[PDB]
Structures are given as C-alpha cells and as structure tokens.
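Peer 1: To be precise about what I am sending: the file is called coords.tsv and holds TSV, C-alpha atoms.
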```tsv
chain	number	residue	atom	x	y	z
A	1	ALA	CA	12.52	22.10	31.64
A	2	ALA	CA	13.34	18.89	29.76
A	3	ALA	CA	16.56	17.52	28.28
A	4	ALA	CA	16.84	15.50	25.07
A	5	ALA	CA	19.31	12.63	24.92
A	6	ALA	CA	22.79	13.07	23.43
A	7	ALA	CA	24.22	10.28	21.27
A	8	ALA	CA	27.77	11.33	22.04
A	9	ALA	CA	29.20	7.86	21.38
A	10	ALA	CA	26.27	5.87	19.94
A	11	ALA	CA	27.47	4.12	16.78
A	12	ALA	CA	24.36	2.00	16.35
A	13	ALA	CA	24.85	-1.66	15.53
A	14	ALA	CA	21.81	-3.74	14.62
A	15	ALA	CA	21.19	-7.39	13.71
A	16	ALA	CA	18.85	-9.09	11.24
B	1	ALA	CA	3.55	21.17	29.72
B	2	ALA	CA	6.36	20.33	27.29
B	3	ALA	CA	6.13	17.29	25.02
B	4	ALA	CA	8.49	15.69	22.52
B	5	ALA	CA	7.65	14.20	19.10
B	6	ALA	CA	4.42	16.16	18.75
B	7	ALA	CA	3.05	13.89	16.02
B	8	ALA	CA	0.55	11.22	17.03
B	9	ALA	CA	0.07	8.48	14.43
B	10	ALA	CA	-3.52	7.29	13.92
B	11	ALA	CA	-4.37	4.05	12.13
B	12	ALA	CA	-7.45	2.11	11.07
C	1	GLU	CA	-2.39	38.75	28.43
C	2	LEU	CA	-0.87	35.46	27.25
C	3	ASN	CA	-2.90	32.34	27.95
C	4	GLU	CA	-1.74	29.86	25.33
C	5	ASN	CA	1.98	29.50	25.52
C	6	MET	CA	4.26	30.84	22.82
C	7	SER	CA	8.03	30.17	23.00
C	8	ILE	CA	7.55	27.19	25.33
C	9	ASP	CA	4.53	25.24	24.14
C	10	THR	CA	5.21	26.87	20.78
C	11	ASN	CA	8.29	28.03	18.83
C	12	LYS	CA	9.61	24.51	19.16
C	13	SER	CA	11.34	22.36	16.61
C	14	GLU	CA	13.47	20.62	19.26
C	15	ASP	CA	10.74	17.95	19.44
C	16	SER	CA	10.59	15.40	16.60
C	17	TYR	CA	12.71	12.43	15.91
C	18	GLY	CA	10.59	9.38	15.28
C	19	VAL	CA	10.58	7.74	11.89
C	20	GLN	CA	6.83	7.96	11.37
C	21	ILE	CA	3.90	9.81	9.80
C	22	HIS	CA	0.46	11.37	10.67
C	23	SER	CA	0.72	14.53	12.65
C	24	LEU	CA	-2.26	15.35	10.45
C	25	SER	CA	-5.06	15.96	12.94
C	26	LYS	CA	-7.73	18.09	11.32
C	27	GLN	CA	-9.28	19.34	14.54
C	28	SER	CA	-12.96	20.17	14.93
C	29	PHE	CA	-14.26	23.72	14.72
C	30	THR	CA	-16.22	26.22	16.81
D	1	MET	CA	-41.75	17.69	10.71
D	2	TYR	CA	-44.56	16.94	8.28
D	3	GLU	CA	-45.34	13.24	8.21
D	4	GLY	CA	-47.55	12.75	5.18
D	5	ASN	CA	-46.80	9.18	4.32
D	6	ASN	CA	-43.00	8.59	4.44
D	7	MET	CA	-43.70	5.62	2.14
D	8	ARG	CA	-42.13	5.68	-1.31
D	9	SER	CA	-39.56	3.35	-2.84
D	10	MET	CA	-37.04	5.99	-3.84
D	11	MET	CA	-37.26	9.62	-2.62
D	12	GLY	CA	-38.82	7.93	0.30
D	13	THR	CA	-36.01	6.04	2.09
D	14	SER	CA	-33.71	7.56	-0.57
D	15	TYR	CA	-34.15	11.35	-0.25
D	16	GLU	CA	-33.03	11.48	3.36
D	17	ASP	CA	-30.30	8.80	3.73
D	18	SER	CA	-29.21	5.29	2.79
D	19	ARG	CA	-26.70	2.64	3.84
D	20	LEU	CA	-23.06	3.62	3.38
D	21	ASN	CA	-21.52	0.28	2.52
D	22	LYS	CA	-18.02	0.84	1.18
D	23	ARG	CA	-15.89	3.56	2.70
D	24	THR	CA	-13.15	4.17	0.05
D	25	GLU	CA	-10.53	4.20	2.75
D	26	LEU	CA	-6.94	3.27	3.54
D	27	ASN	CA	-7.01	-0.38	4.47
D	28	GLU	CA	-4.26	-0.88	1.96
D	29	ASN	CA	-2.10	1.03	4.35
D	30	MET	CA	-0.09	3.73	2.65
D	31	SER	CA	2.21	6.43	4.12
D	32	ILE	CA	2.67	4.26	7.23
D	33	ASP	CA	4.11	0.85	6.37
D	34	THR	CA	4.07	1.75	2.73
D	35	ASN	CA	6.02	4.91	1.83
D	36	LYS	CA	8.53	3.63	4.33
D	37	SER	CA	12.29	3.41	3.88
D	38	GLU	CA	12.75	2.65	7.59
D	39	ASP	CA	13.98	-0.93	7.55
D	40	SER	CA	16.54	-2.87	9.64
D	41	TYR	CA	20.35	-3.08	9.56
D	42	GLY	CA	22.61	-6.14	9.55
D	43	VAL	CA	23.31	-9.49	7.88
D	44	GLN	CA	21.46	-9.72	4.62
D	45	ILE	CA	19.69	-11.21	1.74
D	46	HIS	CA	16.49	-13.21	0.91
D	47	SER	CA	13.71	-11.29	2.68
D	48	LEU	CA	11.82	-11.72	-0.60
D	49	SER	CA	8.73	-13.92	-0.55
D	50	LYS	CA	6.36	-14.04	-3.49
D	51	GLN	CA	2.89	-15.54	-3.55
D	52	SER	CA	0.78	-17.49	-6.04
D	53	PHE	CA	-0.73	-14.11	-7.15
D	54	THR	CA	-4.10	-15.49	-8.21
D	55	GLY	CA	-5.48	-12.65	-6.08
E	1	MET	CA	-9.35	-41.20	-15.44
E	2	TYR	CA	-9.43	-44.17	-17.79
E	3	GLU	CA	-7.63	-47.07	-16.18
E	4	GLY	CA	-6.96	-50.03	-18.47
E	5	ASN	CA	-3.57	-50.80	-17.04
E	6	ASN	CA	-1.66	-47.54	-16.67
E	7	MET	CA	1.49	-49.37	-15.58
E	8	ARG	CA	3.71	-50.39	-18.44
E	9	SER	CA	7.48	-50.31	-18.47
E	10	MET	CA	8.35	-46.74	-19.45
E	11	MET	CA	6.26	-43.80	-20.79
E	12	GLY	CA	3.28	-45.50	-19.17
E	13	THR	CA	5.04	-44.64	-15.95
E	14	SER	CA	6.74	-41.46	-17.07
E	15	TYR	CA	3.78	-39.10	-17.23
E	16	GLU	CA	3.46	-39.09	-13.45
E	17	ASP	CA	6.11	-37.72	-11.05
E	18	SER	CA	8.91	-40.07	-12.26
E	19	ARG	CA	11.42	-40.06	-9.39
E	20	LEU	CA	11.93	-36.52	-8.12
E	21	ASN	CA	15.57	-36.47	-7.07
E	22	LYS	CA	18.74	-34.35	-7.07
E	23	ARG	CA	17.31	-30.87	-6.70
E	24	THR	CA	19.35	-27.97	-8.02
E	25	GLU	CA	20.88	-26.58	-4.94
E	26	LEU	CA	21.28	-23.71	-2.62
E	27	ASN	CA	22.18	-26.35	-0.02
E	28	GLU	CA	25.58	-24.82	0.19
E	29	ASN	CA	24.58	-21.28	0.81
E	30	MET	CA	25.00	-18.27	-1.44
E	31	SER	CA	24.24	-14.58	-0.80
E	32	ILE	CA	23.93	-15.22	2.95
E	33	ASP	CA	27.11	-16.68	4.41
E	34	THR	CA	28.68	-16.18	1.03
E	35	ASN	CA	28.53	-12.61	-0.36
E	36	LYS	CA	28.90	-11.59	3.26
E	37	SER	CA	31.31	-8.85	4.23
E	38	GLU	CA	29.34	-8.53	7.47
E	39	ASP	CA	31.89	-10.02	9.85
E	40	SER	CA	32.22	-9.19	13.53
E	41	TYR	CA	34.46	-6.65	15.25
E	42	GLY	CA	37.41	-9.00	15.52
E	43	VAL	CA	40.11	-9.55	18.12
E	44	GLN	CA	42.87	-11.32	16.17
E	45	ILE	CA	43.40	-13.22	12.91
E	46	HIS	CA	43.28	-16.59	14.60
E	47	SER	CA	43.12	-19.33	11.93
E	48	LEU	CA	41.49	-20.48	8.72
E	49	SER	CA	40.55	-24.12	8.26
E	50	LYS	CA	42.69	-25.49	5.45
E	51	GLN	CA	40.43	-27.96	3.69
E	52	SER	CA	41.98	-30.83	1.75
E	53	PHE	CA	39.51	-31.51	-1.05
E	54	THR	CA	39.99	-35.21	-1.77
E	55	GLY	CA	36.87	-35.97	-3.84
F	1	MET	CA	-60.35	-23.42	-14.21
F	2	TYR	CA	-57.07	-24.41	-15.82
F	3	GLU	CA	-54.69	-25.18	-12.98
F	4	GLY	CA	-51.30	-24.42	-14.59
F	5	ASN	CA	-48.78	-22.69	-12.37
F	6	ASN	CA	-50.34	-19.18	-12.11
F	7	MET	CA	-46.86	-17.85	-11.30
F	8	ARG	CA	-44.92	-14.97	-12.76
F	9	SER	CA	-43.87	-11.67	-11.19
F	10	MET	CA	-46.30	-9.71	-13.32
F	11	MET	CA	-49.11	-11.22	-15.47
F	12	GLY	CA	-49.08	-14.10	-13.06
F	13	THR	CA	-50.51	-13.17	-9.61
F	14	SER	CA	-50.37	-9.63	-11.01
F	15	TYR	CA	-52.88	-10.10	-13.88
F	16	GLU	CA	-56.03	-10.59	-11.86
F	17	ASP	CA	-55.45	-8.24	-8.90
F	18	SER	CA	-52.91	-6.33	-6.87
F	19	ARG	CA	-52.58	-4.97	-3.37
F	20	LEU	CA	-55.03	-2.14	-2.85
F	21	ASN	CA	-54.25	0.85	-0.68
F	22	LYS	CA	-56.44	3.86	-1.43
F	23	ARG	CA	-59.15	4.69	-3.99
F	24	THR	CA	-58.59	8.50	-4.05
F	25	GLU	CA	-61.41	9.14	-1.62
F	26	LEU	CA	-63.14	12.04	0.00
F	27	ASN	CA	-61.59	12.23	3.43
F	28	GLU	CA	-61.38	15.97	3.35
F	29	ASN	CA	-65.11	16.44	3.20
F	30	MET	CA	-66.55	18.44	0.35
F	31	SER	CA	-70.30	19.15	0.69
F	32	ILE	CA	-70.85	17.01	3.80
F	33	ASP	CA	-68.96	18.43	6.78
F	34	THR	CA	-67.22	21.21	4.95
F	35	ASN	CA	-68.55	23.37	2.16
F	36	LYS	CA	-70.41	24.89	5.07
F	37	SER	CA	-72.31	28.10	5.29
F	38	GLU	CA	-74.30	26.94	8.32
F	39	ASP	CA	-72.62	28.76	11.17
F	40	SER	CA	-73.81	30.21	14.46
F	41	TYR	CA	-75.42	33.52	15.43
F	42	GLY	CA	-73.98	35.40	18.39
F	43	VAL	CA	-70.94	37.14	19.84
F	44	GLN	CA	-68.04	37.05	17.49
F	45	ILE	CA	-64.40	36.95	16.53
F	46	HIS	CA	-61.39	34.47	16.73
F	47	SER	CA	-62.33	31.10	15.30
F	48	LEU	CA	-59.07	31.61	13.38
F	49	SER	CA	-56.24	29.24	14.30
F	50	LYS	CA	-52.80	28.97	12.69
F	51	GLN	CA	-50.61	25.89	12.51
F	52	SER	CA	-46.91	25.91	11.70
F	53	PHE	CA	-47.64	24.24	8.29
F	54	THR	CA	-43.94	23.47	7.84
F	55	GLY	CA	-44.71	19.99	6.52
G	1	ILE	CA	9.27	26.00	9.84
G	2	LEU	CA	9.26	28.27	12.94
G	3	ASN	CA	8.71	31.18	10.71
G	4	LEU	CA	5.18	29.85	11.10
G	5	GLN	CA	5.00	29.98	14.88
G	6	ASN	CA	5.69	33.70	15.09
G	7	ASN	CA	2.89	36.23	15.33
G	8	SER	CA	2.86	37.40	11.73
G	9	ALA	CA	0.46	38.66	9.10
G	10	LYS	CA	2.75	37.91	6.19
G	11	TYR	CA	2.05	34.21	5.86
G	12	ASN	CA	-1.68	34.06	5.19
G	13	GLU	CA	-3.32	35.34	2.03
G	14	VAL	CA	-6.43	37.00	3.43
G	15	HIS	CA	-6.12	39.81	0.87
G	16	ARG	CA	-7.79	37.46	-1.60
G	17	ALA	CA	-10.88	37.25	0.60
G	18	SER	CA	-14.04	39.16	-0.22
G	19	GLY	CA	-14.29	41.79	2.48
G	20	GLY	CA	-10.63	41.74	3.46
G	21	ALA	CA	-8.70	42.96	0.43
G	22	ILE	CA	-6.64	45.61	2.22
G	23	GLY	CA	-5.53	45.35	5.81
G	24	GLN	CA	-3.69	42.60	7.63
G	25	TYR	CA	-4.46	39.53	9.73
G	26	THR	CA	-2.10	37.75	12.10
G	27	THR	CA	-2.19	34.04	12.88
G	28	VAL	CA	0.12	31.29	14.14
G	29	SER	CA	0.34	27.50	14.16
G	30	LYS	CA	1.03	24.79	16.68
G	31	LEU	CA	3.30	22.04	15.12
G	32	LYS	CA	0.43	19.58	15.44
G	33	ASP	CA	-0.89	21.28	12.34
G	34	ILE	CA	1.98	22.05	9.92
G	35	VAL	CA	2.62	19.65	7.09
G	36	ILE	CA	4.92	20.19	4.17
G	37	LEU	CA	4.38	19.06	0.61
G	38	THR	CA	7.30	18.16	-1.58
G	39	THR	CA	8.51	15.76	-4.18
G	40	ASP	CA	10.26	12.56	-3.21
G	41	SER	CA	13.72	13.60	-4.42
G	42	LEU	CA	14.52	16.17	-1.78
G	43	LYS	CA	12.61	14.05	0.70
G	44	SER	CA	15.36	11.51	0.08
G	45	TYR	CA	17.88	14.35	0.33
G	46	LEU	CA	16.51	15.00	3.80
G	47	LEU	CA	16.64	11.28	4.52
G	48	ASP	CA	20.36	10.97	3.87
G	49	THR	CA	22.06	14.35	4.18
G	50	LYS	CA	20.26	16.23	6.93
G	51	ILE	CA	19.62	13.23	9.15
G	52	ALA	CA	22.62	10.94	8.75
G	53	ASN	CA	25.46	13.44	8.37
G	54	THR	CA	24.03	15.42	11.28
G	55	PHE	CA	25.63	14.02	14.42
G	56	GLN	CA	23.01	15.24	16.90
G	57	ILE	CA	19.56	14.81	15.49
G	58	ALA	CA	17.40	13.72	18.40
G	59	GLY	CA	15.06	16.70	18.40
G	60	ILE	CA	15.38	18.08	14.90
G	61	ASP	CA	14.18	15.26	12.62
G	62	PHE	CA	11.05	16.85	11.16
G	63	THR	CA	10.52	14.13	8.53
G	64	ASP	CA	7.42	13.11	10.47
G	65	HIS	CA	5.64	16.09	8.86
G	66	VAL	CA	6.64	15.20	5.29
G	67	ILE	CA	4.47	13.79	2.55
G	68	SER	CA	5.85	13.44	-0.94
G	69	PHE	CA	4.90	12.22	-4.39
G	70	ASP	CA	6.50	10.94	-7.56
G	71	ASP	CA	5.58	13.91	-9.70
G	72	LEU	CA	3.75	17.03	-8.66
G	73	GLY	CA	2.12	17.34	-12.04
G	74	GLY	CA	0.10	14.70	-13.82
G	75	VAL	CA	-3.07	16.68	-14.35
G	76	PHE	CA	-4.36	19.18	-16.85
G	77	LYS	CA	-6.44	22.34	-16.65
G	78	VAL	CA	-8.31	24.20	-19.40
G	79	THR	CA	-7.87	27.85	-20.27
G	80	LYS	CA	-10.07	28.41	-23.33
G	81	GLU	CA	-13.51	26.84	-23.45
G	82	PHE	CA	-13.76	24.71	-26.57
G	83	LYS	CA	-15.60	21.90	-28.29
G	84	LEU	CA	-14.82	18.33	-29.36
G	85	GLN	CA	-14.48	17.60	-33.08
G	86	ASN	CA	-12.19	14.60	-33.60
G	87	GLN	CA	-13.08	10.92	-33.45
G	88	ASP	CA	-9.75	9.77	-32.02
G	89	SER	CA	-10.36	12.24	-29.21
G	90	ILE	CA	-13.55	10.30	-28.41
G	91	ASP	CA	-11.60	7.05	-28.63
G	92	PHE	CA	-8.87	8.34	-26.33
G	93	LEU	CA	-11.34	9.69	-23.79
G	94	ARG	CA	-13.35	6.50	-23.56
G	95	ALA	CA	-10.05	4.68	-23.32
G	96	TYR	CA	-10.06	6.12	-19.77
G	97	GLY	CA	-13.74	5.50	-19.10
G	98	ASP	CA	-15.28	8.74	-20.39
G	99	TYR	CA	-18.06	7.05	-22.29
G	100	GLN	CA	-20.59	9.87	-22.26
G	101	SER	CA	-18.64	12.48	-24.21
G	102	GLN	CA	-19.63	12.94	-27.84
H	1	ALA	CA	30.14	3.93	7.35
H	2	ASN	CA	30.84	7.66	7.18
H	3	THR	CA	27.34	8.70	8.25
H	4	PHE	CA	25.98	8.65	11.76
H	5	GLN	CA	22.28	7.70	11.89
H	6	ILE	CA	21.87	4.39	10.07
H	7	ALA	CA	19.38	2.83	12.48
H	8	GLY	CA	16.57	2.75	9.95
H	9	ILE	CA	17.73	4.07	6.60
H	10	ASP	CA	19.81	1.08	5.46
H	11	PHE	CA	18.26	-0.57	2.40
H	12	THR	CA	21.17	-2.96	1.98
H	13	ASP	CA	19.16	-6.13	2.66
H	14	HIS	CA	17.48	-5.85	-0.75
H	15	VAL	CA	20.73	-5.43	-2.70
H	16	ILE	CA	21.86	-8.35	-4.76
H	17	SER	CA	24.83	-7.78	-7.02
H	18	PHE	CA	27.20	-9.36	-9.47
H	19	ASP	CA	30.85	-9.09	-10.44
H	20	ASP	CA	30.08	-8.13	-14.02
H	21	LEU	CA	26.64	-7.86	-15.59
H	22	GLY	CA	27.47	-9.44	-18.91
H	23	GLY	CA	29.04	-12.57	-20.30
H	24	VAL	CA	25.95	-13.27	-22.27
H	25	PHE	CA	25.17	-12.77	-25.91
H	26	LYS	CA	22.13	-12.34	-28.14
H	27	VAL	CA	21.73	-13.42	-31.74
H	28	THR	CA	20.86	-11.01	-34.50
H	29	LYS	CA	20.61	-11.46	-38.27
H	30	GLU	CA	20.04	-15.27	-38.12
H	31	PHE	CA	23.31	-16.67	-39.45
H	32	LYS	CA	24.44	-20.26	-39.96
H	33	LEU	CA	27.56	-22.22	-39.03
H	34	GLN	CA	30.26	-22.38	-41.69
H	35	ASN	CA	33.74	-22.64	-40.21
H	36	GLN	CA	35.45	-25.55	-38.51
H	37	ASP	CA	37.16	-23.70	-35.65
H	38	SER	CA	33.83	-22.11	-34.69
H	39	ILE	CA	32.17	-25.40	-33.81
H	40	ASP	CA	35.50	-26.63	-32.43
H	41	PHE	CA	35.31	-23.71	-30.02
H	42	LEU	CA	31.73	-24.78	-29.34
H	43	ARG	CA	33.03	-28.25	-28.45
H	44	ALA	CA	35.08	-26.70	-25.65
H	45	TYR	CA	31.91	-25.84	-23.73
H	46	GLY	CA	29.82	-28.95	-24.28
H	47	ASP	CA	27.98	-27.89	-27.44
H	48	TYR	CA	28.34	-31.07	-29.47
H	49	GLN	CA	25.09	-31.21	-31.40
H	50	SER	CA	25.71	-28.27	-33.71
H	51	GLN	CA	27.51	-28.89	-37.00
```
As a first step, turn the structure in this file into structure tokens.
Peer 2:
Amino acid sequence: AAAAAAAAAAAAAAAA
Amino acid sequence: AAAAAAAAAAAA
Amino acid sequence: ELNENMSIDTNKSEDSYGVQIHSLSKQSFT
Amino acid sequence: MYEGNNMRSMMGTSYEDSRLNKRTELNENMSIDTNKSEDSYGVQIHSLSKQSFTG
Amino acid sequence: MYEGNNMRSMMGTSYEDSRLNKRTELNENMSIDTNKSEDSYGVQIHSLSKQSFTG
Amino acid sequence: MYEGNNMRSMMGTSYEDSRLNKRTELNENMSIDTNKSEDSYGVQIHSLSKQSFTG
Amino acid sequence: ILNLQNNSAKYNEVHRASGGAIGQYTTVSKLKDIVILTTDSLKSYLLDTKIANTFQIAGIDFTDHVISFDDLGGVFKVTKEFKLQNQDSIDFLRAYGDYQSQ
Amino acid sequence: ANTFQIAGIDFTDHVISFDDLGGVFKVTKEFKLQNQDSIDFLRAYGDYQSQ
C-alpha cells in the first residue's frame, strides 16, 4: 500500500 | 515490501 | 503455494521514474 | 598437490596466474554521465569550455 | 638569447608583446542578456529606459 | 690477469662460470639402496603401499 | 514489458536446447533483470513523446532500462568458407591491424 | 511550452543561432577586376586597395 505523487499542477520552472 | 524505481545505479 | 510475490512484488511497472541507468545486476548463481 | 620444484621462469609463475594490471573498464564513464540528455533548464548560453588538447 | 642591445626605436622593440591593448570585446554581452527571450513572469509593462546616445 | 671491466650480461661474468644447481645426480638410488633382491625370510604379505600420485 | 512478469512458456526458446526440443518451460522475471535493446531514434521518441506529452508519468518512465546505439549493424558474418587471393584485400585488412593474414 | 515534463530534457543551453546563415560569398574561377562601378561598390565597404 503505497501512493505515488501526482503532479496535478506542477509546471516545473528551473534556473541556470 | 513494495519499492519504487527498482533500478540501482552502480559506479566505479 | 506462493512464496515469492507475484502481482505485488512483481507485475509492476508503476515503479520507475528516475532519469538514470544501470538496473543491470547480473546476479550470482546457485 | 604435487610440489616438484615450482621453479621455472614461464610455465612456472606463468601457468597458474599472473598480475592483472589493466582492467579494460569504464573509467571513461559512459551510459551514466555520457549517453545523457538530462541537462538543466533556464537562462542560457556559454557552458562551452575547451582545453589545450595536448592530451 | 643574444643580447647586444635589443632596445632600438621600433622593430627592435616590436618582436616582443608591443602594447597589448583594446581587446575585441564581449564586454557588452551577447548571447546571454542579449539573445534572451527568457524573461520573468511579469506583472505589468512598467517602463523602458530611454537612452539618449550622445557620443 | 688483464684487469679490464669483466662486465657484460653474457660472455662477461657468464663466460667463466654460472650459478650451479644440480648435476643430474643419483638421488633415486640405482644399485646401492635400490636395485635390491636382498629381502627377508619369514611370514609374508602387504609391503605394498599406495600413494595418491596426483602430482 | 509486463508480458514478461506473467507465468508463461511462450517467451523463452528452450526448444532449441539439446534435450528439450518438444515440451514447454515456464519462467518469469523481476524488473531488476529486464533490459531492452534498441536504436537511439525511438529512444529519443520515448524521450519526447511518451514522457513529456504524458501528463502523469511518475511511475511509468521505464527509460532507466534502455540502452541504445547509433546503428545496430556495423559487423559482418561469413556464410561460405573461402580463401584470400587479392593483394588489396591484404592491404585493406592490415589497414585495420590484421597483419598476420596472407 | 506545450509539453509537460521538461525538467531534464531541455537541450536549449547549447543552441546558438543566427538570423540568416548566409551573407557570405566564395570565389570560383579566379577572375580579375575590370569595371569601374565594381570597385566603386567595393569602396562603399572600405575596400580601397583593389584596382
């Protein structure tokens, strides 16, 4: 019984 | 005994 | 009997995300 | 089991084993950091350094 | 290696460094702040500095 | 007599002698302590041993 | 993938063994042991279409088990046993280090 | 933009570009200069030494 995460609103911004 | 990302990277 | 677990410890593809390499473990023999 | 002499230049000290010196291995790391399209994301250019390439 | 007197007026002093100056520039920046459509998630259109080029 | 150098790998310090190990001797005794027919006279059997002889 | 982790005898090739020509043999696998082999083109097709268009990806991304190559043929095999006759063939072979061939 | 998992797969840091990839010209056939307006057009760009 384990749940994987849900990226329901994750619009990933990164820097570099 | 459940595990995620069943790979295990090995280096040298 | 079942000892080693199918459909819970096996029949899984819900477990892999990471952007990597080397699941290649040639295990030892009997 | 049989001792005999165990004293010969080659086929003594050569028939049983010798020193493995090179390994022919992946120190030039490939499939991990090479074969890798998994870079960053963001503001960009000029991550391009070149060396003197005498070696 | 031979000395004599290496200093004469010109071409006796030209074969050394001869006044390194005025490097061809990226001092004003290109491909980083220029060629950059990577601007932030803005809030309004506030202002743009009108520059009066005078010389 | 002549002093010289006396040195080379072979034909110097190898021309007059070498290291000696073994002169192909009788250690296994033929006609001293074996080549025997001089055995005992009495009750009898089983002076017959067997080694592994795997080496 | 996950055809492999079912109890099946269809996925081996034990019929090419010596004493096992006819009859079956079931086996499975454990996901610590499956790797795929492919060329790099559809590896890249996985690395843009199936992983970046897919909104929820957090358990599915099986690219960890992928090795690829440029081409999957650069080698050569011989059918008919034969003999060397031509001098440029010797030159071309020792162009790659094969000195001993005559 | 229109994809959803660009945390690692963005190669855009190694992309240099240009507006157009040609304003440049290569000589063939090894000609000479003959006409006045040709070198006059060359004078418009700093090329003085050719006649």
Peer 1: Do a least-squares overlay of chain E on chain D, C-alpha atoms all paired in order, then report the RMSD in Å.
Peer 2: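 C-alpha RMSD after least-squares superposition: 1.5 Å.
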Peer 1: How close does each residue of chain E get to chain H, giving the shortest atom pair and distance in Å to one decimal for every residue with an atom at most 12 Å away, counting only C-alpha atoms, sorted by chain and residue number, as a tab-separated table?
Peer 2:
```
residue	atom	partner	partner_atom	distance
E:30	CA	H:16	CA	10.9
E:31	CA	H:16	CA	7.8
E:32	CA	H:13	CA	10.3
E:34	CA	H:16	CA	11.9
E:35	CA	H:17	CA	9.0
E:36	CA	H:16	CA	11.2
E:37	CA	H:12	CA	11.9
E:38	CA	H:12	CA	11.3
```
Peer 1: Show me, as a list in words, every residue of chain A with an atom at most 9 Å from chain H, counting all atoms listed in the file.
Peer 2: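 The contacting residues on chain A are residues 10, 11, 12, 13 and 14 of chain A.
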Peer 1: Can you check which residues of chain B have any atom within 6 Å of chain C? Use all atoms listed in the file and format it as JSON, numbers by chain.
Peer 2: {"B": [4, 5, 7, 8, 9]}
Peer 1: Counting all atoms listed in the file, what is within 9 Å of stretch 33-40 of chain H, bar same-chain residues fewer than 4 positions away, as a list in words?
Peer 2: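 Once the nearby chain positions are removed, what remains is residues 44, 47, 48, 50 and 51 of chain H.
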Peer 1: Residues as selected, C-alpha atoms, written as a PDB file, in the coordinates of the input, can you do that?
Peer 2:
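So result00.pdb came out as:
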```pdb
ATOM      1  CA  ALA H  44      35.080 -26.700 -25.650  1.00  0.00           C
ATOM      2  CA  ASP H  47      27.980 -27.890 -27.440  1.00  0.00           C
ATOM      3  CA  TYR H  48      28.340 -31.070 -29.470  1.00  0.00           C
ATOM      4  CA  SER H  50      25.710 -28.270 -33.710  1.00  0.00           C
ATOM      5  CA  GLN H  51      27.510 -28.890 -37.000  1.00  0.00           C
TER       6      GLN H  51
END
```
Peer 1: Could you list, as JSON, numbers by chain, the residues of chain G having an atom within 9 Å of chain A when counting only C-alpha atoms?
Peer 2: {"G": [55, 56, 57, 58, 59]}
Peer 1: Quick check: residues of chain D within 10 Å of chain B, only C-alpha atoms, returned as a PyMOL selection string.
Peer 2: chain D and resi 25-27+29+32
Peer 1: Atom CA of residue H:46 and atom CA of residue E:52, how far apart in Å?
Peer 2: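 So the two atoms, atom CA of residue E:52 and atom CA of residue H:46, lie 28.8 Å apart.
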Peer 1: Kindly give the distance, in Å, that separates atom CA of residue G:9 and atom CA of residue G:28, rounded to a single decimal.
Peer 2: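 Between atom CA of residue G:9 and atom CA of residue G:28 the gap is 8.9 Å.
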Peer 1: Give me, please, the distance in Å between atom CA of residue F:49 and atom CA of residue F:33, quoted to one decimal.
Peer 2: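 Taking atom CA of residue F:49 and atom CA of residue F:33, their separation equals 18.3 Å.
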Peer 1: Chain D residues within 10 Å of chain F, counting all atoms listed in the file: which ones, as a VMD selection string?
Peer 2: chain D and resid 1 to 4
Peer 1: Report as a Markdown table: every residue of chain G with an atom at most 10 Å from chain B, its closest pair of atoms, and their distance in Å to one decimal, counting all atoms listed in the file, with rows sorted by chain and ascending residue number.
Peer 2:
```
| residue | atom | partner | partner_atom | distance |
| --- | --- | --- | --- | --- |
| G:30 | CA | B:6 | CA | 9.5 |
| G:31 | CA | B:6 | CA | 7.0 |
| G:32 | CA | B:6 | CA | 6.2 |
| G:33 | CA | B:7 | CA | 9.1 |
| G:58 | CA | B:5 | CA | 9.8 |
| G:59 | CA | B:4 | CA | 7.8 |
| G:60 | CA | B:5 | CA | 9.6 |
| G:61 | CA | B:5 | CA | 9.3 |
| G:62 | CA | B:5 | CA | 9.0 |
| G:64 | CA | B:7 | CA | 7.1 |
| G:65 | CA | B:7 | CA | 7.9 |
```
Peer 1: Using all atoms listed in the file, determine which residues of chain G fall within 12 Å of chain D; present them as a PyMOL selection string.
Peer 2: chain G and resi 40+43-44+47-48+63-70
Peer 1: Taking all atoms of stretch 29-46 of chain F that appear in the file, build a box with edges along x, y and z, extend it by 4 Å on every side, and state its centre and edge lengths in Å to one decimal, as lines of an AutoDock Vina configuration file.
Peer 2:
```
center_x = -68.4
center_y = 26.8
center_z = 10.1
size_x = 22.0
size_y = 28.7
size_z = 27.5
```
